[PDB]
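J.:
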Amino acid sequence: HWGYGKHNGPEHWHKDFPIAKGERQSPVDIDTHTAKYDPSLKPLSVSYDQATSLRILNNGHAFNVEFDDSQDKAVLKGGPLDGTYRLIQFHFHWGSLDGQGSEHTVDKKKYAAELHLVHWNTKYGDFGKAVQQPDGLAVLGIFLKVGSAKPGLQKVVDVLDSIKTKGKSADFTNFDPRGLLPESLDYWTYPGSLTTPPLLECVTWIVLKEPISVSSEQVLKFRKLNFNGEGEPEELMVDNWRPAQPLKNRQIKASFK
Ligand SMILES: NS(=O)(=O)c1ccc(-c2cccnc2)cc1
Ligand SMILES: NS(=O)(=O)c1ccc(-c2cccnc2)cc1
Ligand SMILES: [Zn+2]
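Numbering (the working numbering), first residue to last: 617 to 873.
(1) Only counting the same chain, and skipping five residues up and downstream in sequence, which positions put a Cβ closer than 8 Å to that of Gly763?
(2) Would you kindly work out how many angstroms separate the C-alpha atoms of residue 594 and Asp792, rounded to a whole number?
(3) DSSP state of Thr700, grouped into three classes?
(4) If we count the other Cβ atoms within 10 Å of its Cβ and call it buried at 16 or more, is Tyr653 buried or exposed?
(5) How many angstroms separate the CA atom of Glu833 from the CA atom of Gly715?
(6) Let me check you understand the geometry: is the CB of residue 899 closer than 7 Å to at least one non-hydrogen atom of ligand 2?
(7) Between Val819 and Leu776, is the Cβ-Cβ spacing less than 8 Å?
(8) I'd like the span of the beta strand (DSSP E) that includes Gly711, first residue to last.
(9) Exposed or buried, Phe872, counting other C-beta atoms within 10 Å across all chains shown (16 or more means buried)?
(10) Comparing alpha-carbon positions, which option in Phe759, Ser663, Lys724 and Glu639 lies nearest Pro859?
(11) Under the DSSP definition of a beta bridge, which residues are partnered with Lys725?
(12) For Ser718, count neighbouring Cβ atoms within 10 angstroms of its own Cβ and tell me buried if that reaches 16, exposed if not.
(13) Tell me which residue opens and which closes the beta strand (DSSP E) that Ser829 is part of.
(14) In the DSSP assignment, find the alpha helix (DSSP H) that holds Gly744 and state where it starts and stops.
(15) Which class does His732 belong to by DSSP, given the choice of helix, strand or coil?
(16) State yes or no: is the C-beta of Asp632 nearer than 7 Å to some heavy atom of ligand 1?
(17) Can we count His709 as close to ligand 5, meaning its CB is less than 7 Å from some heavy atom?
(18) Kindly confirm or deny that the region 785-801 and the region 665-672 touch, where touching means at least three C-beta pairs closer than 8 Å.
Take a look at the structure:
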């Protein structure tokens, strides 16, 4: 099916998912000079103290750390958002080389990877219903650069050997996603979409200005994962990012001067 190869990659997606050419597709380039400070934007409220991680899954496109989202345990509020958005999972997109991997770009700069913390609007009752709504999801995007290790990422890195191939999952309890955040919560925000099929136009994107630093060894271990299932020819899970899409009739807003 769809993927990131020459024959099933982002240039092909539109044939099965025509919304790929839509009016609010993600990711986008964040032109820092054109983004406008919006003094009416509230501080983000990230409340992850009660987060309950359950499982980590290689889904053949990335790996998801999944959370119990059957209660308001880990929620995102404030910023551009109206209401309460529940953390369901996080995952990353990354490159084959340190010079690429992020989906969003900043003045055309690509980072080595990008973390997506995916939340759904509780007024829609569940994730499946939320993705059908224009304000159904809030995805918190965080850039990764290669430098010093991120200690809070290590527990994720160390379990990856147990989920090498598509369809593999492993218990992953008591992981605290607060260890993946940068110090500052300054952000850019714009209306967009899922960055993989089904490419639904249901996301309020909140992209943090401050990247986190991860070590070369940490990202190298991401690159040992496989797109393929067990017993299939090895294809390394690398370059699982969609490139920047046209901004069209959208304005990117900044929370900071
Ligand atoms: N991105 S997409 O969803 O439109 C798509 C789906 C499938 C295939 C494909 C490739 C080779 C053999 N069989 C099928 C190519 C593209
Ligand atoms: N990269 S992203 O954060 O925009 C993202 C999040 C979720 C999904 C998704 C949702 C429903 C079904 N299948 C996949 C696709 C992409
Ligand atoms: Zn993503």
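Each residue gets a CB set at the ideal place from its N, CA and C atoms; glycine is no exception.
T.: Taking the coordinates as given:
(1) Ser829, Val830 and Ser831
(2) Here the chain has residues from 617 to 873 only, and residue 594 is not among them.
(3) coil
(4) exposed
(5) 15 Å
(6) Here the chain has residues from 617 to 873 only, and residue 899 is not among them.
(7) no
(8) It is not in any beta strand (DSSP E) - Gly711 carries neither H nor E in the DSSP assignment.
(9) exposed
(10) For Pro859, the nearest C-alpha among the options comes from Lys724.
(11) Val722
(12) buried
(13) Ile828 to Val830
(14) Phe743 to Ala746
(15) strand
(16) yes
(17) By its list of ligands, the structure shown excludes ligand 5, since it contains just ligand 1, ligand 2 and ligand 3.
(18) Counting Cβ pairs under 8 Å, three or more are found: they touch.
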